[PDB]
2 protein chains.
Amino acid sequence: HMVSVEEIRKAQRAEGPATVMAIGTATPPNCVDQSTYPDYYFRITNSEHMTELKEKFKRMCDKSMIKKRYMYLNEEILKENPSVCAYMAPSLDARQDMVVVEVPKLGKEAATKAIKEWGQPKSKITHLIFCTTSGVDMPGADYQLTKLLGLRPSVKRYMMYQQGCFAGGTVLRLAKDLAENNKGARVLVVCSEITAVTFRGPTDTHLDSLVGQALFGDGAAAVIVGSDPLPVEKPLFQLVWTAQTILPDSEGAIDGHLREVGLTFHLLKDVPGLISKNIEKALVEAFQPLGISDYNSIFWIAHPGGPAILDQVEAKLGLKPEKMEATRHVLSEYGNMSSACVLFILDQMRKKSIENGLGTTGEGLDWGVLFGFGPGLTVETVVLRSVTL
Amino acid sequence: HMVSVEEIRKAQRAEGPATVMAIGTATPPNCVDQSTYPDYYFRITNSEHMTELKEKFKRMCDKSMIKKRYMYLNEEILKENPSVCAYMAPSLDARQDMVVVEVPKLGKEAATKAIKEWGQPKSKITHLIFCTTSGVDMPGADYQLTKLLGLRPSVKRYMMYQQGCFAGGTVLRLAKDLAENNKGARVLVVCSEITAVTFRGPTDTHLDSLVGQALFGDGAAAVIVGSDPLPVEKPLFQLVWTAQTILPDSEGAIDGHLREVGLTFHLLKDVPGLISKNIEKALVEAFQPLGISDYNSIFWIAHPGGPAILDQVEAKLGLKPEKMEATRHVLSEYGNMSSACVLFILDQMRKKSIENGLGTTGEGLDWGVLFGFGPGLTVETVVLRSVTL
Ligand SMILES: CC(C)(COP(=O)(O)OP(=O)(O)OC[C@H]1O[C@@H](n2cnc3c(N)ncnc32)[C@H](O)[C@@H]1OP(=O)(O)O)[C@@H](O)C(=O)NCCC(=O)NCCS
Ligand SMILES: CC(C)(COP(=O)(O)OP(=O)(O)OC[C@H]1O[C@@H](n2cnc3c(N)ncnc32)[C@H](O)[C@@H]1OP(=O)(O)O)[C@@H](O)C(=O)NCCC(=O)NCCS
Ligand SMILES: O=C1C[C@@H](c2ccc(O)cc2)Oc2cc(O)cc(O)c21
Ligand SMILES: O=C1C[C@@H](c2ccc(O)cc2)Oc2cc(O)cc(O)c21
């Protein structure tokens with residue numbers, strides 16, 4: 001017969017739901033204690049004379065519910081790059097020189113761990129999604145990671161630059177379509193974030209910049225996503241349904257500009273209220289079609305943008321305190337790692353489910369939700385199904 | 001009745017091949033004559049003393065096979081922004097201030113034209129892909145376009161930043177999977193490119209930067225992509241098959257770095273040779289499964305990185321001179337508009353096929369190829385099917 005586009009389409013598409021088959025995570029080695037961060041930060045920025053501001057920063061750090069963060073930046077690198085320690089000094093070239101190298105390097109560590117868990121040859125990776133908010137370059141971090149891992153030159157790449165904190169949801173929403181539309185496709189997904197682009201000295205004029213310095217940390221996370229798993233692959237979660245929305249009345253709530261001074265951060269106090277005001281509508285869109293209206297009966301992964309977002313969502317919906325445990329655990333041990341955070345939380349939930357002998361990767365529950373929150377104000381929703389242990 | 005993930009997946013997916021249903025294009029109003037550009041360029045950058053370098057640049061402009069380009073930048077803006085006219089003065093903030101506004105605005109013009117051709121309500125747009133190599137911001141150009149067009153707030157966005165010249169292929173590879181995997185999905189795709197980020201003054205120390213000043217122009221293009229066309233929709237092309245690859249021995253052939261001086265361009269003389277040496281392998285991977293080995297029997301869309309790429313591909317494959325007509329037409333009337341170019345060429349091919357009464361939107365042929373070329377060195381391949389006129 002003559003080959004038709006309709007015959008090609010039927011032969012090239014996959015049959016089953018996109019399935020998470022591996023999760024790996026990595027951090028820079030420099031662990032920074034939150035209890036002493038105000039002293040460390042005001043010292044390495046030569047800002048000890050700003051005593052009232054330091055008291056404000058101490059309250060921010062004490063309320064952050066962060067115990068520690070990992071940071072590529074250390075005292076030696078800051079002494080070598082004093083423009084990065086200024087509040088607002090031309091410093092983008094110094095910051096780019098760091099993150100164009102370190103972002104794909106950290107992503108390589110996470111990716112190697114995901115590949116090791118998957119247990120399949122890396123020659124079988126057909127698609128790569130690389131996501132960061134930390135620097136840009138051409139060719140991108142996707143190309144650098146392809147070279148570092150030795151993936152096939154014909155890997156289909158999606159380079160997601162300057163995305164922000166909702167993009168852990170965005171990469172899963174993308175991976176889902178890549179895996180489900182392509183028979184055989186195995187998608188490597190990497191989110192890698194390094195705060196060397198946003199770190200800056202303190203000022204009393206832009207207190208929202210200081211909130212960033214209290215919350216943001218470094219990390220990379222990788223997942224393998226595919227449809228129609230082989231018997232030798234080990235499913236962890238299914239990706240069921242996705243949505244992205246812009247919240248009403250949220251213009252300018254979270255803004256970030258890449259300038260000569262690096263990545264600047266603008267943050268309205270309305271963000272927790274905006275998210276908690278709109279979250280039931282997002283849950284109804286996702287769960288009404290599944291016949292689910294009890295949000296204490298699903299497992300939760302929420303981007304921990306800060307503890308006020310988690311507290312206000314929990315209070316608005318009446319989530320029991322157990323629901324945010326995995327989310328709060330990652331906020332505690334790592335801080336806000338922008339796009340990577342919800343992937344660390346998915347890993348933490350699988351890990352705690354195994355440790356406590358629960359019946360599924362979703363804390364013994366069947367259905368789950370993953371939320372990303374970021375610039376827009378954008379909300380990403382991913383509906384998840386757990387796998388039985 | 002308990003809904004299963006397998007039942008959701010079956011109801012959620014589209015049936016047929018991703019179909020281009022509209023193409024719209026837009027350029028800035030300032031038309032720049034290539035025959036006078038060396039005198040304009042050397043004057044406005046205060047470089048008239050560099051008489052030997054100006055003769056070199058005249059030779060580049062004369063060989064470029066470009067007649068004119070459209071540029072957001074004009075004499076008035078350049079006099080207001082002397083930092084942009086230096087080879088390497090700090091200028092990123094002035095260039096960002098231009099392109100963070102102008103890229104989505106030019107995108108809107110193109111998108112409005114695509115939506116008009118499509119003839120459906122913009123409320124039916126489910127997915128938006130925005131692609132640019134010109135600036136970055138949070139929220140991104142995708143958010144700004146959603147606001148400018150009044151798209152639904154729940155439009156699923158894919159913000160493709162700092163991609164480079166191959167990404168007109170990339171956005172079609174992405175749109176194909178979004179349209180095919182999602183019943184009812186209608187994907188708006190916008191590529192918008194503004195050279196305000198790369199424009200800079202001449203120096204004999206970086207002759208590859210001067211090549212960029214001869215070739216790169218501004219423009220935006222938009223397509224609507226969907227599966228399962230309604231009877232009131234009008235298909236133009238089907239997207240059949242896609243590939244991305246990195247060419248062997250091509251490391252550093254095309255690089256671009258975002259610095260305090262704007263986007264810097266590095267370009268090896270190796271590029272045309274690398275592309276022509278590797279293009280047949282790309283064609284065999286695409287067309288041998290379709291039983292096609294005569295590359296004069298398919299319609300051609302090639303990213304016109306420069307005339308030397310097109311000349312060396314044509315000579316390597318023994319293409320008839322007519323095959324590259326639509327591609328050279330766009331190069332002649334618009335220059336190299338990075339990711340947008342191949343979409344202008346698809347429009348030009350449809351327009352010439354109508355003007356000349358050919359049987360199909362692909363110059364009367366059934367099968368076609370679209371190539372993107374850019375940093376990596378990356379080659380994007382898209383196999384197309386035309387539609388009858
Ligand atoms: C920062 C945070 C941990 C502080 O904890 P808290 O429970 O609010 O404690 P407080 O209300 O005492 O706030 C601490 C201080 O930070 C200030 N602050 C909080 N959010 C701020 C913002 N967006 N801009 C400026 N200052 C802010 C408060 O005004 C307060 O100052 P004060 O003690 O001098 O009056 C908490 O407000 C939070 O998690 N906010 C959400 C952060 C967010 O939007 N995340 C998304 C990042 S993309
Ligand atoms: C630029 C171009 C139009 C010049 O036309 P050409 O006649 O084939 O080349 P010529 O040998 O006459 O080149 C003219 C001048 O440009 C110079 N030149 C061409 N490509 C160059 C490069 N990549 N870097 C530096 N100089 C270059 C030549 O050395 C020559 O200088 P000269 O006249 O002082 O000797 C052509 O080389 C071209 O299309 N090149 C491909 C551009 C490319 O790689 N595109 C990708 C963009 S991302
Ligand atoms: O400025 C930043 C920093 C960035 C980031 C966080 C952690 C990290 O490791 C690297 C980068 O996250 C952000 C997220 C935003 O929505 C807006 C922003 O302005 C920023
Ligand atoms: O430096 C640039 C400019 C950019 C561009 C072209 C046209 C336009 O209108 C806007 C930006 O295209 C590029 C494409 C590349 O592969 C590498 C590059 O370095 C560049």
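Just the heavy atoms: all of them, side chains too, but no hydrogens, waters or symmetry mates, feed the values below. Within every chain, numbering begins at 1; the chains are lettered A, B, ... in the order of the sequence lines, protein sequences first and strands thereafter.
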### Message
Is a donor from one side chain sitting under 3.5 angstrom from an acceptor on the other, for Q244(B) and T170(B)?
### Response
no

### Query
Is it true that a side-chain atom of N181(A) and a backbone atom of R13(A) form a donor plus acceptor pair closer than 3.5 Å?
no

### Task
With sequence neighbours left out, write down each residue that passes side-chain hydrogen bond (donor to acceptor under 3.5 Å, both in side chains) with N182(B), or none if nothing qualifies.
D177(A)

### Query
Is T146(A) reaching over with its side chain to a backbone N or O of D142(A), donor-acceptor style, under 3.5 angstrom?
yes

### Side-chain donor-acceptor pair present, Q163(A), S339(A), cut-off under 3.5 Å
no

### Message
Could you check whether any side-chain N or O of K108(A) sits under 3.5 Å from a backbone N or O of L149(A), counting only pairs where one atom can act as donor and the other as acceptor?
### Response
no

### Task
Would you indicate whether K68(A), at its atom NZ, is surrounded by more than 12 heavy atoms from other residues, nucleotides or ligands within a distance under 6.0 Å?
yes

### Query
Looking at side-chain heavy atoms only, is the closest gap between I66(A) and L331(A) below 4.5 Å?
yes

### Summary
Separation between CZ (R186(B)) and CG (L128(B)), nearest 0.5 Å, reads 15.5 Å

### Task
For the pair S4(B) (side chain) and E7(B) (backbone), establish whether a donor and an acceptor sit closer than 3.5 Å, ignoring hydrogens and angles.
yes

#### Entry: Pairs flagged by side chain to side chain donor-acceptor pair (under 3.5 Å) wherever residues 291-303 of chain A is involved - sequence neighbours left out
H303(A)-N336(A)

### Side-chain heavy-atom pair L230(A), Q120(A) within 4.5 angstrom cut-off
yes

### Task
Could you tell me whether the side chains of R69(A) and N30(A) share a donor-acceptor contact shorter than 3.5 Å?
no

### Message
Restricting to non-hydrogen atoms, name the atom on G107(A) and the atom on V190(A) that form the minimum distance, rounded to 0.1 Å.
### Response
CA-CG1, 3.6 Å

### Summary
Taken to the nearest 0.5 Å, the spacing of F237(A) CZ from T360(A) OG1 works out to 7.5 Å

### Task
May I ask you to test the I129(B)-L188(B) pair for a side-chain heavy-atom distance under 4.5 Å?
no

### Message
Do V3(B) and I8(B) have side chains that approach each other closer than 4.5 Å (heavy atoms only, starting at C-beta)?
### Response
yes

### Message
I need the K10(A) NZ to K183(A) NZ distance, nearest 0.5 Å.
### Response
10.5 Å

### Query
Are the side chain of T361(A) and the backbone N or O of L236(A) linked by a donor-acceptor pair below 3.5 Å?
yes

### Query
Can you list the steps and then say if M160(A) with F130(A) is a side chain to side chain contact (heavy atoms under 4.5 Å, CB included)?
CA-CA 6 Å; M160(A) 312 303 301; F130(A) 198 111; over 6 Å; no

### Query
When you measure from the side chain of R173(B) to the backbone N and O of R157(A), does any donor-acceptor pair fall under 3.5 Å?
yes

### Task
Would you please name every residue forming a ring pair (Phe, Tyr, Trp, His ring centres under 6.0 Å) with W118(A), sequence neighbours left out?
none

Check: residues 272-288 of chain A side-chain donor-acceptor pairs under 3.5 Å, at least two apart:
unit_1	atom_1	unit_2	atom_2	d
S276(A)	OG	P272(A)	O	3.0
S276(A)	OG	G273(A)	O	3.3
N278(A)	ND2	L274(A)	O	2.8

#### Entry: Listed once per pair and sorted, the ring-ring contact (aromatic ring centres under 6.0 Å, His included) pairs that draw on residues 304-337 of chain A, sequence neighbours left out
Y70(A)-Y334(A), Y334(A)-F344(A)

### Donor-acceptor under 3.5 Å (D218(A) side chain, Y72(A) main chain)
yes

#### Entry: Any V136(A) side-chain heavy atom under 4.5 Å of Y161(B) side chain
no

### Query
How far does CG of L365(A) sit from OG of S386(A), to the nearest 0.5 angstrom?
7.5 Å

### Task
Dump the intermediate steps for side chain to side chain contact (heavy atoms under 4.5 Å, CB included) on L178(A) and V225(A), then the final yes or no.
CA-CA 9 Å; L178(A) 296 185; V225(A) 175; over 6 Å; no

### Message
What I'd like to find out is whether the side chain of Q34(A) reaches to under 4.5 Å of the side chain of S64(A), using heavy atoms alone.
### Response
yes

#### Entry: Residues forming a side chain to side chain contact (heavy atoms under 4.5 Å, CB included) with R328(A), sequence neighbours excluded
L310(A), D311(A), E314(A), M324(A)

### Query
Going by heavy atoms in the side chains, are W367(A) and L384(A) under 4.5 Å from each other?
no

### Query
How far does CD of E6(B) sit from CD of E15(A), to the nearest 0.5 angstrom?
9.0 Å

### Message
Using a 3.5 Å distance criterion without hydrogens, assess whether the side chain of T132(A) forms a donor-acceptor pair with backbone atoms of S192(A).
### Response
yes

### Task
Mind checking the CG-CD1 spacing from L267(A) to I254(A)? Nearest 0.5 Å is all I need.
6.0 Å

### Query
Under 3.5 Å, is there a donor-acceptor pair between the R152(B) and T126(B) side chains?
no

### Query
Given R350(A), which of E363(A), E117(A), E355(A) fulfils the salt bridge (charged side-chain N to carboxylate O under 4.0 Å, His left out) condition?
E117(A)

### Message
Treating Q162(B) as the side-chain partner and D137(A) as the backbone partner, does any N or O pair qualify as donor plus acceptor under 3.5 Å?
### Response
no

### Query
Is there side-chain contact between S227(B) and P17(B), with heavy atoms separated by less than 4.5 Å?
no

#### Entry: Stepwise side chain to side chain contact (heavy atoms under 4.5 Å, CB included) test for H127(A) and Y158(A)
CA-CA 8 Å; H127(A) 296 74; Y158(A) 305 77; 3.5 Å; yes

### Query
Are any of the side-chain nitrogens in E180(A) or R9(B) under 4.0 Å away from the carboxylate oxygens of its partner?
yes

### Query
Going through the distances and angles, do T242(B) and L172(B) end up as a side chain to side chain contact (heavy atoms under 4.5 Å, CB included)?
CA-CA 9 Å; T242(B) 65; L172(B) 296 179; over 6 Å; no

### Task
Evaluate whether atom NZ of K105(A) has more than 12 neighbouring non-hydrogen atoms of other residues, nucleotides or ligands under 6.0 angstrom away.
no

### Over all atoms of both residues, closest heavy-atom pair of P104(A) and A141(A)
CB-O, 4.0 Å

### Message
Please check this pair: side chain of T327(A) against backbone of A302(A), looking for a donor-acceptor N/O pair closer than 3.5 Å.
### Response
yes

